Visitor: 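Starting off with a structure, shown below.
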Amino acid sequence: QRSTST
Amino acid sequence: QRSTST
Amino acid sequence: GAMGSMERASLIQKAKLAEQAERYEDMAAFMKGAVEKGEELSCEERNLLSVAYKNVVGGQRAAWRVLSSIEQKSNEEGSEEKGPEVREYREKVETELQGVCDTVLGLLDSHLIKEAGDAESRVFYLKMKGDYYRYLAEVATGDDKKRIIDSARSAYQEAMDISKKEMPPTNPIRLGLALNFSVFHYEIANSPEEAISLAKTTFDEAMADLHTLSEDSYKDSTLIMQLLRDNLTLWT
Amino acid sequence: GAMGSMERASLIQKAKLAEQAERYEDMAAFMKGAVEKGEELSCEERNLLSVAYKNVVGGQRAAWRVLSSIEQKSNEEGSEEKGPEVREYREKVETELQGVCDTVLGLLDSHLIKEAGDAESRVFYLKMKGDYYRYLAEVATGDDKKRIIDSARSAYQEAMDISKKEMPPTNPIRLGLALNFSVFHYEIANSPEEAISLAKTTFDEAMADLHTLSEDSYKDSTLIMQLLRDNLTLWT
Ligand SMILES: [Cl-]
Ligand SMILES: [Cl-]
Ligand SMILES: [Cl-]
Ligand SMILES: [Cl-]
Ligand SMILES: [Mg+2]
Ligand SMILES: [Mg+2]
Ligand SMILES: [Mg+2]
Ligand SMILES: [Mg+2]
Ligand SMILES: [Mg+2]
Ligand SMILES: [Mg+2]
Ligand SMILES: [Mg+2]
Ligand SMILES: [Mg+2]
């Protein structure tokens, strides 16, 4: 799992 | 569903 | 071309890295470079070539179909006029698709097919020739459409004749060729009965030959067999 | 550029078609063309710009990470020497990524940021500036690395200060900025505590303001809130 961005 | 090719 | 200064082995290596990265345009460009070295391709190398271009053109085809659907809806009764943009953009995608097909056909003609003497290689490249003419046929709407269809048919037929003489019923290339030629019949040539008959006879002949195979070969052949069955289910 | 002869409205229209077709490089090129007309972008237009480039660079980043992992494994004890190819290909992808980032940063600097007076627009573009410097930081390994990190930090900080003064806690832009700045802290700046504290305080402040919202706004804000929660779960 990677860090999530938007 | 489309026809399947390879 | 831009790959002229790179070693053949390095192009192959980078094609494989591109595949891992799902960088299919790069993969295709590396394999074009490798082809252009002038040496025949190994079995593994052929697969890299085919997968690279299949993925590039497949993306283009999928985009073209989205755009063509929007265009067709724009031409229905009661649809607002929106100007030339949808047609223009569809045409841009189409032209790029055609260009990729022409590139592939050019590699086959200069000089992959003529140098291919073993049935594995020859059938493989003729199948590709049929595929890329098929993709040209999917977008063709004018005075060469019949000739493009016939070019696809011709290539597929030559590959079929070789495959039937030289390969077992379960050979994956022979099976994939039959699969794609059946798709041609159904989707391009307005010949659904021919498509169905080809898919059935291919499937049945392969089933009868599975007993001759190792577990690994069995797995490879039954894979494509399932694709034939999937189309038969859809078409019947 | 190549889009100089196309109407602004047509570029917008084609960006939207490209989005539908998942043709993100084309989408980005159309929106670059639209920006270069010199007029400010609307809210919807900003979203098209951001989504186009996010997808282009996102693909490049994902490829870069595959290649960098292979490279790093090649440098481990007991790994066979395989020549310069993995590094070369990683570098090719890297350079293309950097180019896209530089393109985006150039649009922001000439002249999107300077013309953006409303907090929605200004914060949006400063968030983008932080994002693209962040992506540059992900691949940076030499003497400007600190300066690239600081450029990302600076842009994010300016956007944060505006967003806190001018936007409610639940505004989607404010929330997405906080999300991404927290990611910066965790993944770039070696500041996991700062990342966690920012994500928590952002989440909590937004939760306290949901009562002011319509059902639609509520849905939009709680969406990004869930992303904050996802990172907090991963990081704690
Ligand atoms: Cl166009
Ligand atoms: Cl023959
Ligand atoms: Cl390279
Ligand atoms: Cl401020
Ligand atoms: Mg040499
Ligand atoms: Mg009307
Ligand atoms: Mg045309
Ligand atoms: Mg030969
Ligand atoms: Mg004008
Ligand atoms: Mg060894
Ligand atoms: Mg570099
Ligand atoms: Mg202004």
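Counting convention: from 1, in listed order, for ligands and their atoms alike. Chain letters run A, B, ... following the sequence lines, proteins first and then strands; every chain starts at 1.
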Visitor: Crowded around C/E91 CD? As in, over 12 foreign heavy atoms under 6.0 Å?
Guide: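 Yes, enclosed.
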
Visitor: Measure from the Mg ion (ligand 5) to every N/O/S atom of C/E7 and report the name of the nearest one.
Guide: OE1

Visitor: Does the pair D/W235 and A/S3 meet the rule for a side-chain hydrogen bond (donor to acceptor under 3.5 Å, both in side chains), with working shown?
Guide: CA-CA 8 Å; D/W235 300 336; A/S3 298; 3.0 Å; yes

Visitor: For D/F184, what residues pass the ring pair (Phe, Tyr, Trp, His ring centres under 6.0 Å) criterion, not counting sequence neighbours?
Guide: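 Only D/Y156, D/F181 meet the ring pair (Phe, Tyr, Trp, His ring centres under 6.0 Å) criterion with D/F184.
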
Visitor: CD of C/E88: more than 12 outside heavy atoms within 6.0 angstrom?
Guide: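 Yes.
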
Visitor: Kindly determine whether D/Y89 and C/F30 satisfy ring pair (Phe, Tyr, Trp, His ring centres under 6.0 Å), including the steps that lead there.
Guide: CA-CA 11 Å; D/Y89 187 42; C/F30 293 138; 5.3 Å; yes

Visitor: Starting from the C-alpha separation in whole Å, work towards a yes-or-no answer on side-chain hydrogen bond (donor to acceptor under 3.5 Å, both in side chains) for D/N75 and D/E71.
Guide: CA-CA 7 Å; D/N75 285 320; D/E71 190 181 11; 4.8 Å; no

Visitor: When you check the space around the Mg ion (ligand 10), which protein N, O or S atoms turn up under 2.8 Å?
Guide: D/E80 OE1

